[PDB]
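Chemist: The following file, protein_23.pdb, comprises PDB, C-alpha atoms and all ligand atoms:
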```pdb
ATOM      1  CA  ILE T   1      49.367 -27.451  27.313
ATOM      2  CA  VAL T   2      48.960 -29.976  24.488
ATOM      3  CA  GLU T   3      50.503 -33.454  24.811
ATOM      4  CA  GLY T   4      51.972 -32.763  28.254
ATOM      5  CA  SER T   5      51.569 -34.494  31.584
ATOM      6  CA  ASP T   6      50.377 -33.699  35.080
ATOM      7  CA  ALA T   7      52.981 -31.767  37.038
ATOM      8  CA  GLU T   8      54.450 -33.298  40.178
ATOM      9  CA  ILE T   9      53.680 -31.540  43.453
ATOM     10  CA  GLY T  10      56.086 -28.615  43.863
ATOM     11  CA  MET T  11      57.574 -29.166  40.392
ATOM     12  CA  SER T  12      57.055 -25.549  39.278
ATOM     13  CA  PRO T  13      56.795 -23.520  42.497
ATOM     14  CA  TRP T  14      57.230 -20.244  40.586
ATOM     15  CA  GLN T  15      54.021 -20.931  38.638
ATOM     16  CA  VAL T  16      51.472 -18.128  38.917
ATOM     17  CA  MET T  17      47.847 -18.100  37.788
ATOM     18  CA  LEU T  18      46.485 -14.720  36.671
ATOM     19  CA  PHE T  19      42.835 -14.809  37.759
ATOM     20  CA  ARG T  20      40.030 -12.477  36.725
ATOM     21  CA  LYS T  21      37.947 -11.222  39.649
ATOM     22  CA  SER T  22      34.594 -10.970  37.848
ATOM     23  CA  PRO T  23      33.731 -13.254  36.189
ATOM     24  CA  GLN T  24      36.031 -15.552  38.181
ATOM     25  CA  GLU T  25      38.127 -17.281  35.517
ATOM     26  CA  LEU T  26      41.684 -18.074  34.499
ATOM     27  CA  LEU T  27      43.260 -15.292  32.442
ATOM     28  CA  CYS T  28      46.819 -16.451  31.884
ATOM     29  CA  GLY T  29      49.948 -17.921  33.381
ATOM     30  CA  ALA T  30      52.782 -15.958  34.967
ATOM     31  CA  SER T  31      55.855 -16.600  37.098
ATOM     32  CA  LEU T  32      57.208 -15.532  40.471
ATOM     33  CA  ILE T  33      60.617 -13.821  40.263
ATOM     34  CA  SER T  34      60.826 -12.405  43.815
ATOM     35  CA  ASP T  35      58.559 -12.044  46.799
ATOM     36  CA  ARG T  36      56.928  -8.948  45.233
ATOM     37  CA  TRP T  37      57.273  -9.280  41.442
ATOM     38  CA  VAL T  38      55.467 -11.451  38.908
ATOM     39  CA  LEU T  39      56.443 -11.779  35.243
ATOM     40  CA  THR T  40      53.919 -12.371  32.444
ATOM     41  CA  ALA T  41      53.162 -11.674  28.787
ATOM     42  CA  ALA T  42      52.000  -8.172  27.893
ATOM     43  CA  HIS T  43      49.164  -9.632  25.826
ATOM     44  CA  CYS T  44      47.720 -11.123  29.023
ATOM     45  CA  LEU T  45      47.016  -7.565  30.152
ATOM     46  CA  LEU T  46      46.772  -5.509  26.959
ATOM     47  CA  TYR T  47      45.514  -6.768  23.596
ATOM     48  CA  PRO T  48      43.258  -4.234  21.845
ATOM     49  CA  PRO T  49      42.233  -6.545  18.966
ATOM     50  CA  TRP T  50      40.339  -8.604  21.570
ATOM     51  CA  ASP T  51      39.205  -5.586  23.632
ATOM     52  CA  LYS T  52      41.575  -6.591  26.432
ATOM     53  CA  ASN T  53      42.963  -3.850  28.674
ATOM     54  CA  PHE T  54      43.060  -4.868  32.308
ATOM     55  CA  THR T  55      43.735  -2.601  35.255
ATOM     56  CA  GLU T  56      45.223  -3.716  38.565
ATOM     57  CA  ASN T  57      41.892  -4.065  40.358
ATOM     58  CA  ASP T  58      40.482  -6.401  37.697
ATOM     59  CA  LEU T  59      42.932  -9.151  38.606
ATOM     60  CA  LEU T  60      44.354 -11.413  41.276
ATOM     61  CA  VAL T  61      47.415 -13.636  41.219
ATOM     62  CA  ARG T  62      47.220 -17.123  42.705
ATOM     63  CA  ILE T  63      50.551 -18.639  43.689
ATOM     64  CA  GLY T  64      51.387 -22.154  44.864
ATOM     65  CA  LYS T  65      48.631 -23.829  42.854
ATOM     66  CA  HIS T  66      48.360 -27.313  41.399
ATOM     67  CA  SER T  67      44.639 -27.864  40.814
ATOM     68  CA  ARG T  68      43.238 -25.580  38.105
ATOM     69  CA  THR T  69      39.802 -24.945  39.596
ATOM     70  CA  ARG T  70      40.026 -25.818  43.320
ATOM     71  CA  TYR T  71      40.682 -23.318  46.081
ATOM     72  CA  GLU T  72      43.775 -24.970  47.534
ATOM     73  CA  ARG T  73      43.282 -24.035  51.156
ATOM     74  CA  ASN T  74      46.499 -23.773  53.248
ATOM     75  CA  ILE T  75      48.619 -24.163  50.088
ATOM     76  CA  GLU T  76      47.900 -21.453  47.544
ATOM     77  CA  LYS T  77      48.262 -17.761  48.308
ATOM     78  CA  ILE T  78      46.207 -15.065  46.606
ATOM     79  CA  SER T  79      47.731 -11.616  46.118
ATOM     80  CA  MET T  80      46.400  -8.278  44.916
ATOM     81  CA  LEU T  81      48.267  -6.170  42.369
ATOM     82  CA  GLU T  82      49.803  -2.830  43.249
ATOM     83  CA  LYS T  83      50.824  -1.917  39.696
ATOM     84  CA  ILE T  84      51.159  -3.310  36.171
ATOM     85  CA  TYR T  85      54.111  -2.359  33.932
ATOM     86  CA  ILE T  86      53.981  -3.191  30.228
ATOM     87  CA  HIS T  87      57.001  -2.898  27.971
ATOM     88  CA  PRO T  88      56.779   0.556  26.308
ATOM     89  CA  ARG T  89      57.638  -0.921  22.894
ATOM     90  CA  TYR T  90      55.333  -3.946  23.118
ATOM     91  CA  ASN T  91      53.989  -4.394  19.584
ATOM     92  CA  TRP T  92      50.425  -5.642  19.853
ATOM     93  CA  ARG T  93      49.639  -4.261  16.397
ATOM     94  CA  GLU T  94      51.867  -6.571  14.335
ATOM     95  CA  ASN T  95      53.711  -9.514  15.851
ATOM     96  CA  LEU T  96      53.697  -9.316  19.690
ATOM     97  CA  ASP T  97      57.280  -8.059  19.698
ATOM     98  CA  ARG T  98      58.508  -7.440  23.269
ATOM     99  CA  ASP T  99      55.584  -9.394  24.765
ATOM    100  CA  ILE T 100      56.504  -8.808  28.401
ATOM    101  CA  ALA T 101      54.937  -7.264  31.478
ATOM    102  CA  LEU T 102      55.646  -7.058  35.202
ATOM    103  CA  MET T 103      53.179  -6.965  38.079
ATOM    104  CA  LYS T 104      54.119  -5.699  41.539
ATOM    105  CA  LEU T 105      52.198  -7.286  44.410
ATOM    106  CA  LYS T 106      50.557  -5.207  47.106
ATOM    107  CA  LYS T 107      52.293  -7.297  49.789
ATOM    108  CA  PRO T 108      55.183  -9.774  49.740
ATOM    109  CA  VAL T 109      54.220 -13.431  49.354
ATOM    110  CA  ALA T 110      55.640 -15.899  51.856
ATOM    111  CA  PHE T 111      57.721 -18.639  50.266
ATOM    112  CA  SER T 112      56.903 -22.271  51.086
ATOM    113  CA  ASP T 113      57.388 -25.762  49.696
ATOM    114  CA  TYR T 114      54.936 -24.754  46.916
ATOM    115  CA  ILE T 115      55.920 -21.100  46.389
ATOM    116  CA  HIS T 116      59.435 -20.166  45.342
ATOM    117  CA  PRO T 117      60.983 -17.838  42.735
ATOM    118  CA  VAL T 118      62.656 -18.763  39.450
ATOM    119  CA  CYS T 119      65.941 -17.187  38.407
ATOM    120  CA  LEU T 120      66.275 -14.816  35.500
ATOM    121  CA  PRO T 121      69.144 -15.541  33.125
ATOM    122  CA  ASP T 122      72.274 -13.522  32.848
ATOM    123  CA  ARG T 123      74.053 -13.093  29.523
ATOM    124  CA  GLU T 124      76.317 -16.123  30.003
ATOM    125  CA  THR T 125      73.542 -18.518  30.977
ATOM    126  CA  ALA T 126      71.468 -17.343  27.999
ATOM    127  CA  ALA T 127      74.379 -17.778  25.616
ATOM    128  CA  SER T 128      75.094 -21.263  26.966
ATOM    129  CA  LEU T 129      71.558 -22.598  27.008
ATOM    130  CA  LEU T 130      69.600 -20.808  24.249
ATOM    131  CA  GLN T 131      70.752 -23.173  21.539
ATOM    132  CA  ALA T 132      68.837 -25.180  18.969
ATOM    133  CA  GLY T 133      68.076 -28.657  20.248
ATOM    134  CA  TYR T 134      68.391 -27.716  23.906
ATOM    135  CA  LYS T 135      65.133 -28.425  25.727
ATOM    136  CA  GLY T 136      63.146 -26.258  28.081
ATOM    137  CA  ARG T 137      59.968 -26.810  30.027
ATOM    138  CA  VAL T 138      56.605 -25.079  29.630
ATOM    139  CA  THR T 139      53.880 -25.242  32.258
ATOM    140  CA  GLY T 140      50.296 -24.067  32.379
ATOM    141  CA  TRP T 141      46.605 -24.629  32.980
ATOM    142  CA  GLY T 142      45.604 -23.774  29.411
ATOM    143  CA  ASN T 143      43.683 -25.867  26.937
ATOM    144  CA  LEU T 144      44.690 -29.470  26.298
ATOM    145  CA  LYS T 145      43.769 -29.224  22.586
ATOM    146  CA  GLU T 146      43.435 -26.481  20.007
ATOM    147  CA  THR T 147      39.756 -27.309  19.516
ATOM    148  CA  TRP T 148      37.592 -28.886  22.217
ATOM    149  CA  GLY T 155      39.286 -29.800  27.045
ATOM    150  CA  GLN T 156      40.793 -28.237  30.155
ATOM    151  CA  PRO T 157      43.041 -29.900  32.752
ATOM    152  CA  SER T 158      42.371 -30.828  36.355
ATOM    153  CA  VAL T 159      45.934 -29.950  37.412
ATOM    154  CA  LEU T 160      48.941 -28.023  36.139
ATOM    155  CA  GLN T 161      50.402 -29.484  32.941
ATOM    156  CA  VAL T 162      54.059 -29.788  31.944
ATOM    157  CA  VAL T 163      55.797 -30.371  28.605
ATOM    158  CA  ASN T 164      59.480 -30.364  27.634
ATOM    159  CA  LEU T 165      60.243 -28.931  24.183
ATOM    160  CA  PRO T 166      63.406 -28.296  22.140
ATOM    161  CA  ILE T 167      64.463 -24.852  21.007
ATOM    162  CA  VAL T 168      64.352 -24.618  17.199
ATOM    163  CA  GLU T 169      66.855 -23.119  14.772
ATOM    164  CA  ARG T 170      65.947 -19.530  13.919
ATOM    165  CA  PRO T 171      65.669 -20.148  10.130
ATOM    166  CA  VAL T 172      63.197 -22.981  10.766
ATOM    167  CA  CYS T 173      61.181 -20.735  13.087
ATOM    168  CA  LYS T 174      61.106 -18.029  10.422
ATOM    169  CA  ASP T 175      60.173 -20.440   7.637
ATOM    170  CA  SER T 176      57.220 -21.859   9.652
ATOM    171  CA  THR T 177      55.193 -18.642   9.611
ATOM    172  CA  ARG T 178      54.363 -15.490   7.698
ATOM    173  CA  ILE T 179      54.614 -13.444  10.930
ATOM    174  CA  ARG T 180      57.733 -11.267  11.138
ATOM    175  CA  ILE T 181      59.942 -12.823  13.831
ATOM    176  CA  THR T 182      62.333 -10.668  15.841
ATOM    177  CA  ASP T 183      65.381 -11.171  18.052
ATOM    178  CA  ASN T 184      63.033 -10.699  21.061
ATOM    179  CA  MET T 185      61.417 -14.086  20.322
ATOM    180  CA  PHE T 186      62.569 -17.656  20.036
ATOM    181  CA  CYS T 187      60.593 -20.712  19.036
ATOM    182  CA  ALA T 188      60.360 -24.229  20.376
ATOM    183  CA  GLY T 189      58.675 -27.508  19.566
ATOM    184  CA  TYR T 190      59.245 -30.741  17.689
ATOM    185  CA  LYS T 191      59.417 -30.976  13.920
ATOM    186  CA  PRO T 192      56.924 -33.176  12.050
ATOM    187  CA  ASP T 193      59.647 -35.751  11.384
ATOM    188  CA  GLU T 194      60.637 -35.988  15.074
ATOM    189  CA  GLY T 195      57.572 -37.977  16.165
ATOM    190  CA  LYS T 196      57.186 -36.440  19.624
ATOM    191  CA  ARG T 197      54.913 -33.457  19.998
ATOM    192  CA  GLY T 198      53.616 -30.856  22.436
ATOM    193  CA  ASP T 199      52.935 -27.129  22.646
ATOM    194  CA  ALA T 200      51.438 -24.406  24.708
ATOM    195  CA  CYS T 201      47.854 -23.409  23.995
ATOM    196  CA  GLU T 202      45.300 -20.749  24.877
ATOM    197  CA  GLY T 203      45.391 -20.028  28.605
ATOM    198  CA  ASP T 204      49.087 -20.869  28.879
ATOM    199  CA  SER T 205      50.000 -17.341  27.721
ATOM    200  CA  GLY T 206      52.351 -15.572  30.088
ATOM    201  CA  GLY T 207      53.653 -18.769  31.711
ATOM    202  CA  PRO T 208      57.334 -19.625  31.864
ATOM    203  CA  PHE T 209      59.683 -21.529  29.563
ATOM    204  CA  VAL T 210      62.367 -22.735  31.982
ATOM    205  CA  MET T 211      65.696 -24.526  31.679
ATOM    206  CA  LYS T 212      67.786 -26.171  34.395
ATOM    207  CA  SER T 213      71.356 -24.960  34.173
ATOM    208  CA  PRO T 214      73.789 -27.915  34.179
ATOM    209  CA  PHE T 215      76.473 -25.556  35.541
ATOM    210  CA  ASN T 216      74.789 -24.589  38.826
ATOM    211  CA  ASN T 217      71.664 -26.829  38.883
ATOM    212  CA  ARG T 218      69.253 -23.873  39.148
ATOM    213  CA  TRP T 219      66.155 -23.218  37.097
ATOM    214  CA  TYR T 220      66.155 -20.148  34.855
ATOM    215  CA  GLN T 221      63.223 -18.602  33.020
ATOM    216  CA  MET T 222      64.402 -18.170  29.447
ATOM    217  CA  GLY T 223      61.042 -17.477  27.788
ATOM    218  CA  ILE T 224      57.448 -16.382  28.265
ATOM    219  CA  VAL T 225      54.632 -18.196  26.448
ATOM    220  CA  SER T 226      53.695 -15.706  23.723
ATOM    221  CA  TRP T 227      52.106 -16.997  20.504
ATOM    222  CA  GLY T 228      51.428 -19.838  18.120
ATOM    223  CA  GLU T 229      49.357 -20.460  15.028
ATOM    224  CA  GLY T 230      46.930 -22.929  16.526
ATOM    225  CA  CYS T 231      48.236 -25.355  19.134
ATOM    226  CA  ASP T 232      50.529 -28.319  18.445
ATOM    227  CA  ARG T 233      50.071 -28.100  14.682
ATOM    228  CA  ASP T 234      52.493 -29.987  12.474
ATOM    229  CA  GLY T 235      55.037 -27.596  11.003
ATOM    230  CA  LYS T 236      54.173 -24.799  13.435
ATOM    231  CA  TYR T 237      56.080 -23.886  16.590
ATOM    232  CA  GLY T 238      55.405 -22.032  19.800
ATOM    233  CA  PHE T 239      56.973 -18.575  20.135
ATOM    234  CA  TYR T 240      58.358 -17.311  23.413
ATOM    235  CA  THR T 241      59.471 -13.889  24.583
ATOM    236  CA  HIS T 242      63.261 -13.827  24.912
ATOM    237  CA  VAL T 243      63.618 -12.917  28.604
ATOM    238  CA  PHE T 244      67.316 -12.148  28.584
ATOM    239  CA  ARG T 245      66.999  -9.792  25.602
ATOM    240  CA  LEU T 246      64.481  -7.747  27.614
ATOM    241  CA  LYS T 247      66.236  -8.024  30.982
ATOM    242  CA  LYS T 248      67.510  -4.429  30.869
ATOM    243  CA  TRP T 249      63.882  -3.276  30.897
ATOM    244  CA  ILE T 250      63.036  -5.713  33.711
ATOM    245  CA  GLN T 251      65.862  -4.350  35.845
ATOM    246  CA  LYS T 252      64.968  -0.737  35.049
ATOM    247  CA  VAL T 253      61.388  -1.299  36.236
ATOM    248  CA  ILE T 254      62.327  -3.156  39.399
ATOM    249  CA  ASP T 255      65.093  -0.664  40.224
ATOM    250  CA  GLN T 256      62.775   2.323  39.710
ATOM    251  CA  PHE T 257      59.621   1.015  41.395
TER     252      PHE T 257
ATOM    253  CA  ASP B   2      33.802 -23.944  36.869
ATOM    254  CA  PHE B   3      36.074 -22.479  39.557
ATOM    255  CA  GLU B   4      35.598 -22.962  43.284
ATOM    256  CA  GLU B   5      34.753 -19.722  45.055
ATOM    257  CA  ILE B   6      37.706 -18.017  46.711
ATOM    258  CA  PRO B   7      37.499 -16.451  50.190
ATOM    259  CA  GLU B   8      35.713 -13.111  50.102
ATOM    260  CA  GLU B   9      38.714 -11.405  51.727
ATOM    261  CA  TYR B  10      40.507 -11.500  48.365
ATOM    262  CA  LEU B  11      37.693  -9.803  46.482
ATOM    263  CA  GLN B  12      37.308  -6.895  48.924
TER     264      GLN B  12
ATOM    265  CA  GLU O   6      66.969 -14.114  45.274
ATOM    266  CA  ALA O   7      70.195 -15.935  46.131
ATOM    267  CA  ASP O   8      67.992 -19.039  46.493
ATOM    268  CA  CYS O   9      66.189 -18.584  43.185
ATOM    269  CA  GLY O  10      65.604 -21.601  40.997
ATOM    270  CA  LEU O  11      66.155 -24.218  43.714
ATOM    271  CA  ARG O  12      62.878 -25.986  44.399
ATOM    272  CA  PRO O  13      62.080 -26.904  48.035
ATOM    273  CA  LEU O  14      60.733 -30.354  47.095
ATOM    274  CA  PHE O  15      63.477 -31.181  44.562
ATOM    275  CA  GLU O  16      66.865 -29.431  44.459
ATOM    276  CA  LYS O  17      66.672 -28.528  48.165
ATOM    277  CA  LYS O  18      66.198 -32.229  49.035
ATOM    278  CA  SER O  19      68.444 -33.614  46.283
ATOM    279  CA  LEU O  20      65.412 -35.236  44.664
ATOM    280  CA  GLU O  21      64.922 -35.205  40.905
ATOM    281  CA  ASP O  22      61.653 -34.814  39.070
ATOM    282  CA  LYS O  23      60.575 -37.428  36.556
ATOM    283  CA  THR O  24      61.632 -35.600  33.345
ATOM    284  CA  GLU O  25      64.460 -33.178  34.205
ATOM    285  CA  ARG O  26      66.947 -35.738  32.898
ATOM    286  CA  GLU O  27      65.435 -35.243  29.422
ATOM    287  CA  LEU O  28      66.493 -31.607  29.646
ATOM    288  CA  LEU O  29      70.003 -32.457  30.863
ATOM    289  CA  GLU O  30      70.527 -34.956  28.039
ATOM    290  CA  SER O  31      69.726 -32.245  25.467
ATOM    291  CA  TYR O  32      72.430 -29.891  26.863
ATOM    292  CA  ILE O  33      75.241 -31.227  24.718
ATOM    293  CA  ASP O  34      77.870 -28.489  25.391
ATOM    294  CA  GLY O  35      80.295 -28.071  28.276
ATOM    295  CA  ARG O  36      79.895 -31.783  29.049
TER     296      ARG O  36
HETATM  297  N1  LIG T 301      47.589 -19.997  19.933
HETATM  298  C1  LIG T 301      47.842 -20.412  21.314
HETATM  299  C2  LIG T 301      49.286 -20.423  21.710
HETATM  300  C3  LIG T 301      50.118 -21.404  21.178
HETATM  301  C4  LIG T 301      51.467 -21.432  21.474
HETATM  302  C5  LIG T 301      51.990 -20.451  22.285
HETATM  303 CL1  LIG T 301      53.697 -20.435  22.632
HETATM  304  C6  LIG T 301      51.195 -19.470  22.825
HETATM  305  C7  LIG T 301      49.832 -19.451  22.567
HETATM  306  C8  LIG T 301      48.949 -18.434  23.238
HETATM  307  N2  LIG T 301      49.036 -17.108  22.638
HETATM  308  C9  LIG T 301      48.025 -16.613  21.914
HETATM  309  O1  LIG T 301      46.985 -17.244  21.702
HETATM  310  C10 LIG T 301      48.213 -15.202  21.356
HETATM  311  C11 LIG T 301      47.284 -14.199  22.052
HETATM  312  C12 LIG T 301      47.024 -13.154  20.972
HETATM  313  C13 LIG T 301      46.924 -13.959  19.695
HETATM  314  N3  LIG T 301      47.801 -15.114  19.950
HETATM  315  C14 LIG T 301      48.226 -16.028  19.064
HETATM  316  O2  LIG T 301      48.956 -16.951  19.400
HETATM  317  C15 LIG T 301      47.743 -15.917  17.586
HETATM  318  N4  LIG T 301      47.264 -17.238  17.161
HETATM  319  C16 LIG T 301      48.916 -15.519  16.690
HETATM  320  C17 LIG T 301      49.468 -14.122  16.954
HETATM  321  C18 LIG T 301      48.503 -13.037  16.489
HETATM  322  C19 LIG T 301      49.077 -11.643  16.718
HETATM  323  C20 LIG T 301      50.414 -11.479  16.020
HETATM  324  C21 LIG T 301      51.391 -12.562  16.461
HETATM  325  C22 LIG T 301      50.797 -13.947  16.243
HETATM  326 NA    NA T 302      58.442 -16.887   6.937
HETATM  327 NA    NA T 303      54.124 -28.034  15.965
END
```
So, in terms of structure tokens, how does the structure I just supplied come out?
Ligand SMILES: NCc1ccc(Cl)cc1CNC(=O)[C@@H]1CCCN1C(=O)[C@H](N)CC1CCCCC1
Ligand code: NA
Ligand code: NA
Modeler:
Amino acid sequence: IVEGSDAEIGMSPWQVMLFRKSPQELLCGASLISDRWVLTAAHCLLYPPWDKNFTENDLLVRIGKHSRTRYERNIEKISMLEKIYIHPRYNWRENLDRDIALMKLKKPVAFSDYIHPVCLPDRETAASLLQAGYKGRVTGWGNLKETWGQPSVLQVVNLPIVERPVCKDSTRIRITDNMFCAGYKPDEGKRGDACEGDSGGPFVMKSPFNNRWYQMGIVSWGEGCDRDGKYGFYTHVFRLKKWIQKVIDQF
Amino acid sequence: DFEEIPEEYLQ
Amino acid sequence: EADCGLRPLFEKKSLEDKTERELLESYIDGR
């Protein structure tokens, strides 16, 4: 996260770290959506241009964390993966369209003060909140700068959703309805973005109607990090919710 | 860089 | 979960985090 701040304890209790077993390293962010299901970006698991194609036994999830590198004894919980599900129309060849994946845990995780699921939006909450200018929150343990370094604890940044024409005009990549973009414009002064290692983490909004947190996006892609005139692009969770529900219902 | 995690999670 | 999106150390205790108001102030519809 570029130009963010240290998270408060328990501020993002749905935060998940995707952790490679060997070598032991951070792979991505993710989010807890129930006691058995974790949501992430497909490119965290499958990205052939970078020779990335993980199987379940390559990975662990670490839930309840705050420190990036510490083993947070009596606080974090580490879970093994039963199965990965990647969207069948995930487009890793062109533009990361449908950049979404689910991971089912081998065993349910116990909720605590530090471990708790985020809601997924329904159609009405998405329509109400996914509007240009409305701010969401991105969290992660990724890089603090595009070029460097890395944070001691989970980082947080609040960013406004951007008008679709501005998103389109900021890039040569073909944008789709399964993406939205967020970030400040050069003229707005404030800044901030996700960066490498924040992939797969959540873009959340707090509904002013029922005071619950909803995951509206998944950290997906950006040209650099926090560059003037660029924006971060996020998987549109509601647009892909029918797939989410089909997977969870079936498996 | 990362603190070792209990071996039970790697088995 | 029927309890989704309500944080134990914040919403459950009626405590606010240091920047959630910035989000609320940006939600300029329905108010
Ligand atoms: N830049 C870090 C970053 C910044 C913001 C956000 Cl939201 C996510 C992220 C993290 N996300 C990534 O690194 C992803 C992983 C794969 C490449 N990538 C990028 O973002 C490529 N630069 C552009 C792709 C190239 C592929 C076509 C779509 C465009
Ligand atoms: Na364009
Ligand atoms: Na920018």
Chemist: Please check which protein, DNA or RNA residues sit within 7 Å of ligand LIG 301 (chain T), counting all atoms listed in the file, and write them as a list in words.
Modeler: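 With all atoms listed in the file and a cut-off of 7 Å, ligand LIG 301 (chain T) is contacted by residues 43, 92, 94, 95, 96, 179, 199, 200, 201, 202, 203, 204, 205, 225, 226, 227, 228, 229, 230, 231, 238, 239 and 240 of chain T.
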Chemist: Taking the file as shown, find all residues satisfying the PyMOL selection byres (((not hetatm)) within 8 of (chain T and resi 302)) and write them as a PyMOL selection string.
Modeler: chain T and resi 173-180
Chemist: Quick one: write out the picked residues with C-alpha atoms as a compact mmCIF listing (two decimals), in the frame of the given file?
Modeler:
```
# COMPACT_ATOMS: atom_id res chain seq x y z
CA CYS T 173 61.18 -20.74 13.09
CA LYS T 174 61.11 -18.03 10.42
CA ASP T 175 60.17 -20.44 7.64
CA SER T 176 57.22 -21.86 9.65
CA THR T 177 55.19 -18.64 9.61
CA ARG T 178 54.36 -15.49 7.70
CA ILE T 179 54.61 -13.44 10.93
CA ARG T 180 57.73 -11.27 11.14
```
Chemist: How would you report the residues lying within 8 Å of ligand NA 303 (chain T), as a list in words, if you count only C-alpha atoms and all ligand atoms?
Modeler: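 Those residues are residues 189, 190, 191, 192, 197, 198, 199, 231, 232, 233, 234, 235, 236, 237 and 238 of chain T.
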Chemist: When the cut-off is 9 Å and we count all atoms listed in the file, which residues of chain T are near chain B, given as a PyMOL selection string?
Modeler: chain T and resi 21+24-26+60+68-71+78-80
Chemist: Give as a list in words the residues that the PyMOL selection byres ((chain T and not hetatm) within 7 of (chain O)) matches when applied to the coordinates above.
Modeler: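 Here the PyMOL selection byres ((chain T and not hetatm) within 7 of (chain O)) matches residues 10, 13, 34, 113, 116, 117, 118, 119, 133, 134, 135, 136, 214, 218, 219 and 220 of chain T.
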Chemist: Distance cut-off 6 Å, centre (53.2, -34.1, 31.1) in file coordinates, counting all atoms listed in the file: which residues qualify? Return them as a VMD selection string.
Modeler: chain T and resid 4 to 6 161 to 163
Chemist: To one decimal place, how far is CA of residue 93 in chain T from CA of residue 50 in chain T in Å?
Modeler: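 One can read the CA of residue 93 in chain T to CA of residue 50 in chain T distance as 11.5 Å.
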Chemist: Would you mind reading off the distance between CA of residue 19 in chain T and CA of residue 109 in chain T, one decimal, in Å?
Modeler: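 Taking CA of residue 19 in chain T as the start and CA of residue 109 in chain T as the end point, the length is 16.3 Å.
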Chemist: CA of residue 140 in chain T and CA of residue 31 in chain T are how many Å apart?
Modeler: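 We find that CA of residue 140 in chain T and CA of residue 31 in chain T lie 10.4 Å from each other.
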Chemist: Please, what is the axis-aligned box for every listed atom of range 168-179 of chain T with 3 Å on each side, as centre and edge lengths in Å to one decimal, as lines of an AutoDock Vina configuration file?
Modeler:
```
center_x = 60.6
center_y = -19.0
center_z = 12.4
size_x = 18.5
size_y = 17.2
size_z = 15.6
```
Chemist: With distances taken over only C-alpha atoms, which residue among T:85, T:224, T:44, T:217 lies nearest residue 256 in chain T?
Modeler: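 That would be T:85, the residue with the smallest distance to residue 256 in chain T.
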Chemist: Could you spell out the hits of the PyMOL selection byres (((chain T and resi 41) around 9) and not hetatm) on the shown file, as a list in words?
Modeler: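 This file gives the following for the PyMOL selection byres (((chain T and resi 41) around 9) and not hetatm): residues 28, 29, 30, 39, 40, 42, 43, 44, 45, 86, 98, 99, 100, 101, 102, 205, 206, 207, 224, 225, 226 and 241 of chain T.
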Chemist: Is it possible to add N, CA, C and O atoms to range 64-73 of chain T and hand it back as a PDB file, keeping the file's coordinate frame?
Modeler:
```
ATOM      1  N   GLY T  64      51.347 -20.894  44.143  1.00  0.00           N
ATOM      2  CA  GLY T  64      51.387 -22.154  44.864  1.00  0.00           C
ATOM      3  C   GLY T  64      50.381 -23.186  44.408  1.00  0.00           C
ATOM      4  O   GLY T  64      50.179 -24.182  45.114  1.00  0.00           O
ATOM      5  N   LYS T  65      49.726 -22.973  43.265  1.00  0.00           N
ATOM      6  CA  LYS T  65      48.631 -23.829  42.854  1.00  0.00           C
ATOM      7  C   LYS T  65      49.106 -25.081  42.129  1.00  0.00           C
ATOM      8  O   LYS T  65      50.205 -25.138  41.551  1.00  0.00           O
ATOM      9  N   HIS T  66      48.219 -26.076  42.143  1.00  0.00           N
ATOM     10  CA  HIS T  66      48.360 -27.313  41.399  1.00  0.00           C
ATOM     11  C   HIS T  66      47.055 -27.597  40.668  1.00  0.00           C
ATOM     12  O   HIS T  66      47.012 -27.597  39.430  1.00  0.00           O
ATOM     13  N   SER T  67      45.963 -27.774  41.419  1.00  0.00           N
ATOM     14  CA  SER T  67      44.639 -27.864  40.814  1.00  0.00           C
ATOM     15  C   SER T  67      44.290 -26.581  40.054  1.00  0.00           C
ATOM     16  O   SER T  67      44.563 -25.473  40.516  1.00  0.00           O
ATOM     17  N   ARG T  68      43.709 -26.740  38.864  1.00  0.00           N
ATOM     18  CA  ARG T  68      43.238 -25.580  38.105  1.00  0.00           C
ATOM     19  C   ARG T  68      42.102 -24.865  38.827  1.00  0.00           C
ATOM     20  O   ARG T  68      42.162 -23.649  39.040  1.00  0.00           O
ATOM     21  N   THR T  69      41.047 -25.601  39.206  1.00  0.00           N
ATOM     22  CA  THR T  69      39.802 -24.945  39.596  1.00  0.00           C
ATOM     23  C   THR T  69      39.575 -24.875  41.098  1.00  0.00           C
ATOM     24  O   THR T  69      38.781 -24.037  41.544  1.00  0.00           O
ATOM     25  N   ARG T  70      40.227 -25.747  41.874  1.00  0.00           N
ATOM     26  CA  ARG T  70      40.026 -25.818  43.320  1.00  0.00           C
ATOM     27  C   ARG T  70      40.618 -24.594  44.005  1.00  0.00           C
ATOM     28  O   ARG T  70      41.563 -23.972  43.509  1.00  0.00           O
ATOM     29  N   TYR T  71      40.049 -24.250  45.159  1.00  0.00           N
ATOM     30  CA  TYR T  71      40.682 -23.318  46.081  1.00  0.00           C
ATOM     31  C   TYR T  71      41.529 -24.165  47.022  1.00  0.00           C
ATOM     32  O   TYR T  71      41.001 -24.958  47.809  1.00  0.00           O
ATOM     33  N   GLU T  72      42.847 -24.047  46.889  1.00  0.00           N
ATOM     34  CA  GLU T  72      43.775 -24.970  47.534  1.00  0.00           C
ATOM     35  C   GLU T  72      44.141 -24.402  48.895  1.00  0.00           C
ATOM     36  O   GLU T  72      45.220 -23.858  49.138  1.00  0.00           O
ATOM     37  N   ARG T  73      43.177 -24.555  49.805  1.00  0.00           N
ATOM     38  CA  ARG T  73      43.282 -24.035  51.156  1.00  0.00           C
ATOM     39  C   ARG T  73      44.573 -24.504  51.833  1.00  0.00           C
ATOM     40  O   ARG T  73      44.960 -25.672  51.737  1.00  0.00           O
TER      41      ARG T  73
END
```
